[PDB]
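Single chain ahead, written as C-alpha cells, the form deposited in one PDB entry.
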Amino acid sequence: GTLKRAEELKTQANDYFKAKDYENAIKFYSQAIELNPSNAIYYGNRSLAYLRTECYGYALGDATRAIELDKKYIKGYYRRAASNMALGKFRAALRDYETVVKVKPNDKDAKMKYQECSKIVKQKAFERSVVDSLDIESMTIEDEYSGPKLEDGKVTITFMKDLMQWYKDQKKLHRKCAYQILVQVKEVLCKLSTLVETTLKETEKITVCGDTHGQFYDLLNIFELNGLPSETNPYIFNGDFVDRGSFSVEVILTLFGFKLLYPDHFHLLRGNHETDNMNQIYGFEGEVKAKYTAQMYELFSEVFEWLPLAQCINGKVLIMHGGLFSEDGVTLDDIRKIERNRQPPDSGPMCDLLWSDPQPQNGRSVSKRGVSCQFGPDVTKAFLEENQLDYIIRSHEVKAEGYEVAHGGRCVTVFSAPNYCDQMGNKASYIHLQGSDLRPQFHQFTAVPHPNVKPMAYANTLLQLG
C-alpha cells in the first residue's frame, strides 16, 4: 500500500529528525515524497530539516510546495518565512507572518514573530562610520573593575592570557577595552589585500581551523591542544567565528586580540556568519546587545567588512570559507581586486567565496542554501589548473569526523566546532600545513564542557522552529 508505505517512511524520518540526524531525516522524507508527492506534512517536515542544516533554498521550495498543497498549513508559512529571513528577503517573510497573524488574531507566537520581523524590516529601512559618534578616550574604567586592561592601549601576551581566563570564568571585558580592540583591529584589517598571501619556508608550519561558531570553551581546547598562537605557531581561522554558540563575544574578541598581537601570523578570513543577515537571526547581534550596546554591534559589523575573503599559501593552496565560483574564468587576481568592504552581494565572486559548496556530480547547480552555487570536481579541476594551484581548503559544512576530502583530493573541508550546537556529536579538526610539504595533516578533537547556556539563547525566535 503505497500511501501507508510513504507514511511509515515519514514516521522514520520524524524519528531521525528528533535524534538530530537530519541527513537521514531528509533521506527518509525524500523517499516518503517519492511514494506520495502530494502531502503538505511531508514537504513541511523536510523544509524544517533543510532549515536545521542551513539549506535555505531547499527549505524555501519545500515550504512553498506544502503551502501550494494546503493553504491552511500554518507550519508551511513559518518555515517559509524563516528561509526568507536567512536569505535577506525580509519583506517576503513579513507577508507570511502577516498571513498567519491574520488567520488567527489571537496567537501569541504569530504576533511576536510578526513584530520581530517588522523591527528588522524597519531597521534595515533606516539602514559616516560608527567610530566617529564614539568618544573612546572620554570613557572611564570604574576603580572597582578588576578584569583585563590594555597596557597603554596595546594588546600583549599577558593581556591575552588574563582575557582567556576571565572569559573562562564567564566574566565580561570592560567596554572601553572592547572598543579599543575593535578600532585597532579595524585599522589592521583595512590595510589587507582581499586575497592574503603567505609564504611558508621549508621549516615553517601553519594551522588552519574551520568554523568555531561561538564555542569558546572548544576554542580554548584548540589552543591547549595545538599551542597558543605566536610567530612560530601561525593560525588561519577560516570564518564563522560567531553565531549559534552562546559565547560568541568571547570567541571574537579573543581572535581579534591575537590578530593585533601577531598581525603577520594570525589570519582571519571572512565567513557567511560575519554578516548582518546571519547575525540578526543566529545569536551574535543579540549576544552583543545583551552584553554591550547596539553601537558595539554596529562596530563589529563594520570590522567584519574588512575581513579578507581568501588566503593563498606558496601560490599552491587556496583557502576560503565557502568555495569556488558560479562563473568560469575567475582568477586569483580577480579575488585580489574584489571590493570587499560591504555586505556580500546576492551573487558574484564575493558571494561565492562565502557561500558555495562542492557537489559530487559534474557541473554547477543553484545552491541548496539559496545563494551562490554548488560546484563539481570538473569546476574545481579547471579553476586549479587555470590558476596553477594544487587544491583548496574550505570550511562552512559540518562534518562528522571534523573534515572531508572531496573532488579527487582537490577540495578539502575543515570544521572546528565539535558537538556543534550541543547536538551534532561530531568530531572537530584542524589542519597542519608545512612549507616543505603542503599536504593537509588532520588532527581531530572532541568537545569540552561549558557553562549552562543554550545555543541560540540570545537569538530571536525566527529560526527556532519545531
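Here the rigid core means the biggest group of C-alpha atoms that line up within 1.5 Å when the two forms are laid on top of each other. When you see a residue number, it is the position in the sequence shown, counting from 1.
One more form of this protein, deposited in another entry, exists but is not displayed; see below.
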request  = Go through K337, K111, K172, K368 and flag the only one whose CA is off by 2 Å or more between this form and the one not shown, rigid core held fixed.
outcome  = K111
inquiry  = Quick check: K259 between this form and the one not shown - does its CA shift reach 2 Å or more after fitting the rigid core?
reply    = no
query = Is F90 one of the residues whose Cα moves 2 Å or more between this form and the one not shown, with the core superposed?
reply = yes
query = After superposition on the rigid core, does the Cα atom of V100 shift by at least 2 Å between this form and the one not shown?
reply = yes
task = Indicate closer or farther: the Cα atoms of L51 and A110, in that other deposited form, relative to the displayed form, with a change of 3 Å or more.
result = farther
note = Taking the shown form as reference, the Cα pair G88 and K454 shifts by 3 Å or more in that other deposited form and sits closer
